[PDB]
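Everything on this sheet refers to the single structure shown next.
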Number of protein chains: 2
Amino acid sequence: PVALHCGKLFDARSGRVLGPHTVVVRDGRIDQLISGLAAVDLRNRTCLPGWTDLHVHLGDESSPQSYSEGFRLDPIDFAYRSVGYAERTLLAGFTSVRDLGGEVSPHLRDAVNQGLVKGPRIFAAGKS
Amino acid sequence: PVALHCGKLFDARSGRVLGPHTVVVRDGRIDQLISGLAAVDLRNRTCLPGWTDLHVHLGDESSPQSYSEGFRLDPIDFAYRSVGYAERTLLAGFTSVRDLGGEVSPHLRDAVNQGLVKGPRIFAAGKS
């Protein structure tokens, strides 16, 4: 249970930036929204809903050696990179993503859901 | 049948450069060697026996992409390069070589012996 005090709130549904509000969070869901318990001082910030990226590939990254690494590396080697990929994606403000290709992403989603590693909520497509 | 007129001849066995000589060739072998028929004017050159390279790999050549080409190319693709490799080796003065690795070299040797392509006499090792 925590109360967030924002100086400005972005209304996604109406697309307008409102004034100061207070958000009360209990059991991982928004419980109350007051216009006007632990507390976080955000009164000098703008609060928005977490962003969603609808096209990512968390199991890979482009590089000069990406066209010869597939014949020498294993997916287990790519998982250890995906750890940092997912952490960096989450810390940038994207709380959920849609993974659209790759067999490493379902396993990363399971690990993130079990709390083993940090990352966003993953909707994985698997093999294209 | 041709007669070669050299201004100087290198005696490999004694390791000394002799004076003008005449070499008569019949049936692919040296028939006569005279110190002092078709004719070739070499009187302003030094004649030596053909050279032998005891370590070559005629089926390949080093390049920046040589560590990723093996997974995308076939030996048939390497034969077409070996054609030029063998021609360039022969035209440089090396009439015979010892190939010490590679499965393309026995086929190149057979093709050269049958007269299909130009090259040196190949003693091929095959797979190491």
Side-chain angles (χ1 to χ4, degrees), chain A, chain B residues 63-74:
Chain A
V2 80
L4 308 145
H5 302 119
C6 311
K8 314 209 252 253
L9 188 147
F10 173 67
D11 204 2
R13 200 167 288 309
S14 66
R16 297 138 37 63
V17 171
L18 319 169
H21 282 61
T22 305
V23 189
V24 167
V25 172
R26 319 185 110 111
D27 315 331
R29 305 192 101 62
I30 295 140
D31 275 24
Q32 195 164 29
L33 192 66
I34 328 167
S35 64
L37 274 71
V40 180
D41 206 307
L42 264 48
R43 347 196 81 94
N44 58 297
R45 311 253 181 265
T46 309
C47 293
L48 310 90
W51 293 323
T52 300
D53 197 328
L54 289 162
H55 199 145
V56 300
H57 302 281
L58 276 170
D60 40 81
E61 212 183 57
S62 197
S63 89
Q65 300 96 354
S66 72
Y67 276 94
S68 61
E69 274 175 343
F71 298 107
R72 312 225 189 244
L73 294 187
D74 287 309
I76 179 145
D77 303 310
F78 292 111
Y80 287 119
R81 305 165 171 201
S82 81
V83 166
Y85 297 157
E87 214 208 310
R88 281 194 281 288
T89 296
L90 165 74
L91 287 184
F94 292 83
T95 53
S96 34
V97 297
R98 188 176 65 157
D99 210 288
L100 285 188
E103 319 257 46
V104 157
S105 289
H107 303 277
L108 176 64
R109 170 201 70 206
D110 288 343
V112 166
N113 287 349
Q114 290 166 28
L116 302 177
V117 290
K118 282 164 229 216
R121 197 175 299 110
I122 295 167
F123 303 83
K127 173 82 198 84
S128 166
Chain B
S63 88
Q65 300 96 354
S66 72
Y67 276 94
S68 61
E69 274 175 343
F71 298 107
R72 312 225 189 244
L73 294 188
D74 287 309

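A note on names: the letters A, B, ... follow the listed sequences, proteins ahead of strands, and every chain is numbered from 1.
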Would you call [X] and [Y] a side-chain contact if the rule is heavy atoms closer than 4.5 Å?
X	Y	result
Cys47(A)	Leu42(A)	yes
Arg45(A)	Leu4(A)	no
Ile122(A)	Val56(A)	no

To the nearest 0.5 angstrom, please state how far the [atom1] atom of [X] sits from the [atom2] atom of [Y].
X	Y	atom1	atom2	result
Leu54(A)	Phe94(A)	CG	CZ	10.5 Å
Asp53(A)	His55(A)	CG	NE2	9.0 Å
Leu73(B)	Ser66(B)	CG	OG	11.5 Å
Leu37(A)	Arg26(A)	CG	CZ	5.0 Å
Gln114(A)	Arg109(A)	CD	CZ	10.5 Å
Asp41(A)	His5(A)	CG	NE2	8.5 Å

* Is there a donor-acceptor pair under 3.5 Å between the side chain of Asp77(A) and the backbone N or O of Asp74(A)? -> yes
So which atom in [X] and which in [Y] form the shortest heavy-atom distance, rounded to 0.1 Å?
X	Y	value
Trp51(A)	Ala92(A)	CZ3-O, 4.0 Å
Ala39(A)	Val2(A)	N-CG2, 4.1 Å
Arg72(A)	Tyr67(B)	NH2-O, 2.8 Å
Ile34(A)	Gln32(A)	CG1-CG, 3.8 Å
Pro120(A)	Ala86(A)	CD-O, 3.8 Å
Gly101(A)	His57(A)	O-ND1, 3.5 Å

Residues 82-101 of chain A vs side-chain hydrogen bond (donor to acceptor under 3.5 Å, both in side chains), sequence neighbours excluded, gives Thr52(A)-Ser96(A), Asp99(A)-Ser105(A)
Residues passing the side-chain hydrogen bond (donor to acceptor under 3.5 Å, both in side chains) test with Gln65(A), sequence neighbours excluded, are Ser63(A)
